Structure formats: structure tokens, C-alpha cells
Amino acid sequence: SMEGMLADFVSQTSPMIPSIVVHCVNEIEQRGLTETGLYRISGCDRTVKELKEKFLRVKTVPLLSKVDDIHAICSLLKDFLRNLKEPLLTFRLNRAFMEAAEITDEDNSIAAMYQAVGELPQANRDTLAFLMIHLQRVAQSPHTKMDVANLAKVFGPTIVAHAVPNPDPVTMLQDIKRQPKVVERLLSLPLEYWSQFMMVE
């Protein structure tokens, strides 16, 4: 992808979250939480490509309020994050996140997760935090038929991904087995924890 690194999509001001991410989550919060299958049904490919062109080639905010296919907005959000030059959780911390999630006791695992989040670059942390607040709500909504594991299944490849740019296919498969637990543990961290990165408390 020619998207390049998350930091090219944020400003100097906090919280450092890309426009595309804010706008996509806005629409899903406004009219997605009554729809089943969010983030698991693919949007129309052509629609997703057209929206991608507006944000990344034309450099405008397309009128997402007019996009009838809510799943195309879910797909657009995932596509943008997946095609970053390194994953949201970073190459540096990929194994640290997996290993933190894989600690068997919940309490020590959670402590290790906070340590890993605390080591992220600021844009990555802020963007992650905003996304987690949203995805918790998707899991909480009784209408989406999506639980935290359903979201973790597809956000694993999206935001955890790999420790290197071009893993061998066996490492790829091992990573893929490990990514969802990372997202489940992140989604289990409190709303009040993620919220602190949106403001000055």
C-alpha cells in the first residue's frame, strides 16, 4: 500500500486521531449499532474503493452520511488501518502485545497490557484508544450480534498483524492464531482507562 505511517495522517494536536477514523466511527455510532454483523460483512468493493479515493487521492472528507452501505464504512476503516505501513500496535511491540495477552492470569496479563500500551507512540495510542471505546460499544449493543471475540477475530489482522513487514507464511499463520487474544484483552480494559487519552484529566 502507499498509505505510509499513521503519523502522516495526524496533526500535532491531541488526541492524535486521523480524520478518516473519526468520520468512519461517527457514522457507525450514528446509525450502525442497530445493524447486525458490523465489521464482519464486507462492503461493496466498488463503494469502498470510491470512498478510499476521496480520502486518499482527492484529500477530502466524503459525505459518509450519504453512504447507505454501513458495511462499506466498516470496511473502509479496516482497510485504512490494515494498509498502514506498520500496524497500529507497531512492529516493535507486536510480540510484547501477544506475550502480554498470553499470560494466563487475568490480572498479570492486564498489567502487562497497560505496560505495552504505555510504550506505544502517541498517535498509535490515541487512535487505539478511540477505536477501543467504539468497539466496546459495538460489543455492548444487543442488536449487532457481535461480541468481543467476533470483533477481535477481524481486528486481529487489522491492528495487530505481524512483527515484520513480510513474514514467512508459517509465522504468518502462528501470528494469526495469536492476534485475537490481544484485541480481546485490549477491549477488556476499562472505558475510563481508554477515555483518559482523549482529554486532560
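A residue's number is simply how far along the shown sequence it sits, counting from 1.
Relative to one another, 78-86 and 100-108 have unequal mean CA B-factors, and 100-108 is the one with the higher figure. As recorded in the PDB entry, 56-64 is the stretch of 136-144 and 56-64 with the greater mean C-alpha temperature factor. Within the selection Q174, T158, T47, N166, the deposited Cα B-factor values reach their highest point at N166. When the CA B factors of the chain's modelled residues are split into thirds, the value for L38 lands in the middle one. Ranked by Cα temperature factor within the chain, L51 sits in the highest third according to the deposited record. Placement of the Cα temperature factor of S1 within the chain: highest third of the modelled residues, per the deposited record.
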